[PDB]
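A short worksheet on the structure shown next.
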Amino acid sequence: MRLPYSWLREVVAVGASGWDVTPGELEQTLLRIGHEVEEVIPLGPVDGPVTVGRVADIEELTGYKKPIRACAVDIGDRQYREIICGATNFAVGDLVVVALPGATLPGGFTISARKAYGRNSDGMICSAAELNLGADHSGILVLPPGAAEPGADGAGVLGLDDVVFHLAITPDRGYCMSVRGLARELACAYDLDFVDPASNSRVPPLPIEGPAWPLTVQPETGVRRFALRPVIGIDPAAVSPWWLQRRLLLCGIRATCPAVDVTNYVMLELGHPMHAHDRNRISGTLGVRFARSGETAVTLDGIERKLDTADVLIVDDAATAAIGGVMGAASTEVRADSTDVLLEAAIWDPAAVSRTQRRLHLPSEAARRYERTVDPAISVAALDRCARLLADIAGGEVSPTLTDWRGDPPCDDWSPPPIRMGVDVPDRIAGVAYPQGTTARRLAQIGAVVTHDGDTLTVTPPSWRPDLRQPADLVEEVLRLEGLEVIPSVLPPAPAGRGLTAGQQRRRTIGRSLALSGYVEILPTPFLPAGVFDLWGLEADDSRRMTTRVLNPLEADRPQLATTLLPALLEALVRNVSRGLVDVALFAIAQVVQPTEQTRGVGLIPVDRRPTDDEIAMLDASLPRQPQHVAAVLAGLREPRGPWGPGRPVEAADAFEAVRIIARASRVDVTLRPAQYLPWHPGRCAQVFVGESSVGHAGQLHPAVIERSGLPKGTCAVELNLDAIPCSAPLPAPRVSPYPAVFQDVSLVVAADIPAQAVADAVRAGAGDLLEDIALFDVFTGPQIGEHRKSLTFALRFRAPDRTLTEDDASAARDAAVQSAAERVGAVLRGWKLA
Amino acid sequence: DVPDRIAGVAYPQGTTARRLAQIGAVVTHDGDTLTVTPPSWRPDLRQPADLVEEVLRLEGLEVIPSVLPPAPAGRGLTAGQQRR
């Protein structure tokens, strides 16, 4: 909302004459009581000969791209100057504003008598924007007849010493979308007496003698008030005086004709939107009703609107007269020939206006005020104010008839219910001991009726403050007018908290451990890439395809939420690689979204109580499962090149080691088992287990997936479900025998299909507790042991808890380990030695 | 009432004066202030804290409830501590 300081000042000055403040101080006062000042715009300075002129001749220059005019302009004292101008929105006889040689316009533009378009031009005719007066629109500024004489000083006529304040009003303060509301706020901030410009001393009531027009209202439309009053015999050729056109311009409204200008003007002054109908274009009774399915209306911009059954209309016998509270209709619109006007002062349902205008994308000046609730007590004051102004400007007569529907039954008292509050509640909420009388004084200032009864205040807010419903609402009024800056800064005592949960600590430890091992964390987008699971070649019934879908994604082809973190990680990997960073290891820790059913919403639970435990469980059960995952991808060199050697390319074993890094960080033991699971390579894919629970997969990606997706060759990947890895808090008590150890190596031949870990497990089971350590040294294949067999050499370390092991006790334990391997995996002993 | 405050326990009336007599002290009342003269075999009873201990241990420490204090808004670990 835009308004000029002069207007605001004039309204404040009625009750406090002489009041006047600098723009900087006004800005600061508005910020501290809660109004955001987006911009302070002093009307840009002019200097030198910028004066009113009168166009006395127009010659059309031909031959150029555009139409161009050479104008004789009267600039005062019977002096005429030739001026070239490209605008077309003016005629001979019009008052305009000329910047003549020697003048300077805002932005440092000096005017000189240049030669333009073949003729000499002694200056220019100015637009409102070139004067920094108002919005840049097509054509130059034309002042209304009689506004000033040729030669009058531009700065003074235009009022260029004004300042326009551009505010962003919050939706709880609809009453501030007008000079009435902001001036009242200023009166509160500065402790002034305030004269309400909507009051009866300032808007004396007009006569009330018979209905102004037949009206039916279906009350379930939520209309609260609907008043009409006619003005007859206005001159359709009259234009608004300059003072009115100017204020409209500074508030961002272009003047068009008095009947419309006056409704816009009174809207800005008092905050009650107003509309002017051509009464001779109304056919029969005016009806307020909901639209029907499929119904259409043409608004006064000539655009056809598809209506909704929740849209409230004004109709007559023949057509729609308005989309109520949003925009008037073409059929009753004031036109160039309109002589008899019916003025509409209505109060619509805020939510109804809010839904309708957003559906139609019509955030009009009226709609935005009705959305935030317009004061229903001033409809006839605004109607009367607006009829007088129109009759005076356009030379009509105000008819003494008035329709004023005030509900079924009529409502004669508009203020909200009384609110009841302890006198010191604001002091407690603020942590400030305000002087006595403070909250009652501030609550009267904003217009409430306040009565005292011991220590409890009863507060009845005014009708323009529908936001004041509870004690907290009143606290805010007291605190913001006192100023939040007086509230001290006092650290509370927070309780003895328990710190981070075990899960929270684990997710920190996993991140630290992966980062130290060379992985770089990314923040993964939950919006899956288009067609990713077809690139992966997943089966139609793969659970990962069962995705929750977003209705309004920013990219139409990416509406599916991620069931797996790998797509986001591979997308970051491709990005790094395409920028020349080809040796990369990335990880992410984030939830996924895994629905178990079709989207099911749970109906509104009443908010005047807490939901029950069963309602909470039902809300939870309606959501997709959202477990925490950890995942990582690797490509390129795992070990970089340097003086030590050529480096080492990423291999599947690096993904297995990432599993082990995460398991150590989680303090759990994992086992890895061969698996076939896209998008992994079937021969280089491990499924990961904690106990007998599957927690995810790791290994090298499938070469066909790599190739279809444009991934680096040999890319490896890991994804684990953190929710499936049990919590663990071990309390170790390691036995540390100091007696000497015995070292032996053993080589065992097994079928090639036997996993090395199964052999190690068997060796461990047979050797017993004397076996302190076992490590796989060598995997050897060759023709002399059989084409489908392999030799595994294990280093064994034996140690007794209470004595020096004999080398023969060690060999007894080795014999038992060999036998166990023989019985469990069919191992055959090839040889052993002392290490 | 100093023992009551230190213990966080509201002992019955007459409790500290009764216990301090039991251990052999001469106890006189003057409004809310006790004057306590310990016996010659108790050279350890020199300050009010010494008398608090006598009252609290004969009543039994097990009657003292467990009440978490409000500790202030601390600043956490120093930069050096985090670095190490």
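Easy rule for this one: first residue shown is 1, then count along the chain.
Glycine residues also receive a Cβ, built from the backbone N, Cα and C atoms like all the rest.
Features of the protein shown, as given by Swiss-Prot:
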type	residues	note
DOMAIN	A:44-155	domain 'tRNA-binding'
DOMAIN	A:414-489	domain 'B5'
BINDING	A:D467, A:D473, A:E476, A:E477	Mg(2+) binding site
DOMAIN	A:737-830	domain 'FDX-ACB'
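Database features (the PDB entry):
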type	residues	note
SEQADV	A:832-835	expression tag
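What Swiss-Prot annotates, mapped onto the structure for a quick look.
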residue : record              : Cβ within 10 Å
A:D467  : Mg(2+) binding site : 19
A:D473  : Mg(2+) binding site : 16
A:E476  : Mg(2+) binding site : 16
A:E477  : Mg(2+) binding site : 24
Practice item. Would you mind pulling the DSSP three-state label for A:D467 (Mg(2+) binding site)? Key: coil
Check your understanding: So around the Mg(2+) site, A:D467, A:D473, A:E476, A:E477 aside, which residues have their CB within 8 A of the centroid of those CB atoms?
Key -> A:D172, A:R465, A:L468, A:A472, A:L474, A:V475
Study note, to complete from the structure: Grouping DSSP H, G, I as helix and E, B as strand, the residues of the expression tag (A:832-835) number 0 helix, 3 strand, 1 coil
